[PDB]
Peer 1: 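Here it is, the structure, as structure tokens.
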Amino acid sequence: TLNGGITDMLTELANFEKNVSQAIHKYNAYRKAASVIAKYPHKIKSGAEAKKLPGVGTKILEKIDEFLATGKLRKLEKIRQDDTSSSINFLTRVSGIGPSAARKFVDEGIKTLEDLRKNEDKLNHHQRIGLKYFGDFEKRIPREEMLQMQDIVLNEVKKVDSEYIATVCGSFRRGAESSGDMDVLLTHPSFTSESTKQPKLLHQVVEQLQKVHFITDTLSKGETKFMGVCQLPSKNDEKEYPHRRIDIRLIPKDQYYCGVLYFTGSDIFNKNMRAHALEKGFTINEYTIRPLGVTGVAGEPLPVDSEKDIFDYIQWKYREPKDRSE
DNA sequence: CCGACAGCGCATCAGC
DNA sequence: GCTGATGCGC
DNA sequence: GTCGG
Ligand SMILES: Cc1cn([C@H]2C[C@H](O)[C@@H](COP(=O)(O)OP(=O)(O)[C@H](Cl)P(=O)(O)O)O2)c(=O)[nH]c1=O
Ligand SMILES: [Cl-]
Ligand SMILES: [Cl-]
Ligand SMILES: [Mg+2]
Ligand code: NA
Ligand code: NA
């Protein structure tokens, strides 16, 4: 990409803040500046040029100047020399291994991919699966494969009940050419806001996708969220597709637009939009938008008939999913 | 000069 | 086993 | 680490 060196540097700094420092706001800060720079259709030539962009303040500006001048950041080279941090940075790339498990592993002398394989009895189920598919889960999903997965999922939910609705969200719905996982929003006029004629709806759908061997593994399961692993069928004589992460969310119908807003993101967009909602006197979660009182108590859920209605309350112009790629 | 920084679902662990 | 906190991931 | 107040 055009400013790929700068956004790589910021992402590496961000990974350090998340994985090692656990400095969440510094993580998001590096991450926000990385987002707006990758989006800027111009070759950044100095830190001052970048300091014109939102999210880029003094210290990211200075780090841009250092990186432009040298190809490097001393901070990053020092982190890369730190064995504990670097081991932690690697181990947190396994799905299910965060900073706590990472440094637990490192103190146990477990710090490599093959260390993990030798001590698999030390991993919980999520971590075992993350290790099993580690190479797979480093691979992104071409949009063309996302279309095939979408075809399978949307038809299968119709097979369980023809009035299920399934919307593939996340980066795919913002039009990305590749995606990290598959995010499937699901609902049914049976299910309205927690007035349940009887649940088990998500399990029914998961059952069916397991039955056709699309879902191959389970990471988490509740009444509203399933996390697991799935795989496209291969044709005879031919290399398997990589296994893929999948998240399916079952949401009440009267909450569909909040659900699809949230599940479409991006995460930075969601954080920004939700912050502006607080500034305007509302709170937005995946289910509802509510008013806030002076003392902060949330009101009752507001009517929503579209994504645009949510933008209207907080006095934003509607943004197509493709322009929410923050 | 400093405090805010989104909001949630599910799994597991520590202590009882 | 439960509560409540922590961990990890959308 | 940035931003807004
Ligand atoms: C991680 C995260 C996600 N979301 C919402 C917004 C997200 O859009 C939605 C999907 O989460 P995802 O992790 O799959 O994000 P994505 O956009 O699909 C990624 Cl670019 P990729 O999967 O293609 O690699 O969940 C949040 O609201 N807060 C969050 O902290
Ligand atoms: Cl570097
Ligand atoms: Cl709610
Ligand atoms: Mg996704
Ligand atoms: Na991970
Ligand atoms: Na996801």
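A, B, ... follow the sequence lines: proteins, then strands. Residue 1 opens every chain. The figures here come from the full heavy-atom set of this structure, side chains too, leaving out hydrogens, waters and symmetry mates.
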Peer 1: Hey, mind stepping through A:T224 and A:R249 against side chain to side chain donor-acceptor pair (under 3.5 Å) and telling me if it holds?
Peer 2: CA-CA 5 Å; A:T224 174; A:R249 292 298 312 270; 2.8 Å; yes
Peer 1: What's the separation between atom CG in A:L113 and atom CZ in A:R93, rounded to the nearest 0.5 Å?
Peer 2: 9.5 Å
Peer 1: Side chain of A:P99, heavy atoms from C-beta onward: which of C:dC8, C:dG9, B:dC8 has the nearest atom to it?
Peer 2: C:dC8
Peer 1: So A:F269 and A:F311, would you call those rings parallel, tilted or perpendicular, with 30° and 60° as cut-offs?
Peer 2: tilted
Peer 1: Return the value, rounded to whole Å, for the distance between atom CZ of A:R93 and atom P of C:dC8.
Peer 2: 17 Å
Peer 1: How far does OG of A:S85 sit from CG of A:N15, to the nearest 0.5 angstrom?
Peer 2: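 Nearest 0.5 Å value for the OG-CG distance: 12.5 Å.
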Peer 1: Taking only side-chain N and O atoms of A:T283, does any of them lie within less than 4.0 angstrom of OP1 or OP2 on B:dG7?
Peer 2: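 Result: yes.
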Peer 1: For the side chain of A:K59, starting at C-beta, report the closest nucleotide among D:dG1, B:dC10, B:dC8.
Peer 2: D:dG1
Peer 1: What's the closest nucleotide to the side chain of A:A275 if the choices are C:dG9, B:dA6, B:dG7?
Peer 2: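 From the listed options, B:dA6 comes nearest.
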Peer 1: If you restrict it to nitrogen or oxygen atoms, what contacts under 3.5 Å exist between nucleotides 2-4 of chain B and the protein, and what is each distance?
Peer 2:
none

Peer 1: Measure up the A:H243 and A:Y133 rings against each other and bin them: parallel (under 30°), tilted (30 to 60°), perpendicular (over 60°).
Peer 2: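 If you compare the ring of A:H243 with that of A:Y133, the planes turn out parallel.
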Peer 1: Side chains of A:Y241 and A:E145: any donor to acceptor distance under 3.5 Å?
Peer 2: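 No.
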Peer 1: Going from NZ on A:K39 to CD on A:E326, what distance comes out if it is rounded to the nearest 0.5 angstrom?
Peer 2: 8.0 Å
Peer 1: Go through D:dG1, C:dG9, B:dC10 for me and flag the one nearest to the A:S220 side chain.
Peer 2: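 Among D:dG1, C:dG9, B:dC10, the one nearest the side chain of A:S220 is B:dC10.
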Peer 1: Scan residues 11-29 of chain A against DNA chain D and write down, sorted by residue number, each residue with any heavy atom closer than 4.0 Å; if none is found, say none.
Peer 2: A:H25, A:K26, A:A29
Peer 1: According to a strict under-4.0 Å criterion, is A:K271 in side-chain N/O contact with OP1 or OP2 of B:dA6?
Peer 2: yes
Peer 1: Check whether any side-chain N or O of A:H126 sits under 3.5 Å from a backbone N or O of A:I97 as a donor-acceptor pair, and report yes or no.
Peer 2: no
Peer 1: Quickly work out the A:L219 CG to B:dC10 P distance and round it to whole Å.
Peer 2: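 A:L219 atom CG is separated from B:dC10 atom P by 13 Å.
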Peer 1: Grab the NZ-P distance between A:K221 and C:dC8 for me, whole Å please.
Peer 2: 24 Å
Peer 1: What's the NZ-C1' distance between A:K225 and B:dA11, to the nearest Å?
Peer 2: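 In whole Å, B:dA11 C1' and A:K225 NZ are 10 Å from each other.
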Peer 1: Tell me the interatomic distance from A:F137, atom CZ, to C:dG9, atom P, rounded to whole angstroms.
Peer 2: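 It works out to 12 Å between those atoms.
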Peer 1: Can you pull every protein N or O that's under 3.5 Å from an N or O on nucleotides 3-5 of chain D?
Peer 2:
| from | atom 1 | to | atom 2 | distance (Å) |
| --- | --- | --- | --- | --- |
| D:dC3 | OP1 | A:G55 | N | 2.6 |

Peer 1: Check every atom of D:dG1, B:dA6, C:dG9 against the side chain of A:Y30 and return the nucleotide holding the closest atom.
Peer 2: D:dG1
Peer 1: Show your working on side chain to side chain donor-acceptor pair (under 3.5 Å) between A:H25 and A:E17 and close with a plain yes or no.
Peer 2: CA-CA 9 Å; A:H25 307 124; A:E17 303 295 348; over 6 Å; no
Peer 1: A:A101 near the nucleic acid: base, sugar-phosphate alone, or nothing, with a heavy-atom cut-off under 4.0 Å?
Peer 2: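 Contact class for A:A101: sugar-phosphate only.
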Peer 1: Between A:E49 and A:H42, do the side chains contain a donor N or O and an acceptor N or O under 3.5 Å apart?
Peer 2: yes
Peer 1: From the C1'-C2'-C3'-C4' angle alone, say whether C:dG1 leans north (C3'-endo side) or south (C2'-endo side).
Peer 2: north
Peer 1: Grab the NE2-P distance between A:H126 and B:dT12 for me, whole Å please.
Peer 2: 10 Å
Peer 1: Expressed in angstrom and rounded to an integer, what is the separation of A:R103 atom CZ from C:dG7 atom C1'?
Peer 2: 12 Å
Peer 1: State which of C:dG9, D:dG1, B:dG9 makes the closest approach to the side chain of A:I60.
Peer 2: D:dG1
Peer 1: Quick one: is B:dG9 close enough that its OP1 or OP2 comes under 4.0 Å of any side-chain N or O from A:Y287?
Peer 2: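 Answer is yes, contact under 4.0 Å.
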Peer 1: Report yes if the base rings of B:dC10 and B:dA11 sit with centres under 5.5 Å apart and an interplanar angle under 30°; otherwise report no.
Peer 2: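 Yes, which means the ring centres sit under 5.5 Å apart while the planes stay under 30°.
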Peer 1: Which whole number of Å gives the distance between the P atom of D:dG5 and that of B:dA6?
Peer 2: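 Between the two P atoms, the distance is 16 Å.
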Peer 1: Counting only side-chain N and O atoms of A:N270, is one of them less than 4.0 Å from OP1 or OP2 of B:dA6?
Peer 2: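 No.
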Peer 1: Hey, mind stepping through A:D312 and A:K308 against salt bridge (charged side-chain N to carboxylate O under 4.0 Å, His left out) and telling me if it holds?
Peer 2: CA-CA 6 Å; A:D312 281 348; A:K308 183 179 185 285; 3.1 Å; yes
Peer 1: Between D:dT2 and B:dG9, how far apart are the two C1' atoms, rounded to whole Å?
Peer 2: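 Nearest-Å result for D:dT2 against B:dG9 at atom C1': 30 Å.
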Peer 1: Quick check on A:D107: does its CG atom have over 12 non-hydrogen neighbours (other residues, nucleotides or ligands) under 6.0 Å away?
Peer 2: yes
Peer 1: Assess A:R143 against A:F172: is NZ or CZ under 6.0 Å from the centre of the six-membered ring, and within 45 degrees of the ring's axis?
Peer 2: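 Judged by the rule, A:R143 and A:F172 form a cation-pi pair.
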Peer 1: What is the distance from CD1 of A:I251 to P of B:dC8, rounded to the nearest Å?
Peer 2: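 Answer to the nearest Å: 12 Å.
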Peer 1: What nucleic acid atoms does A:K32 come within less than 4.0 Å of, heavy atoms only: base, sugar-phosphate, or nothing?
Peer 2: nothing
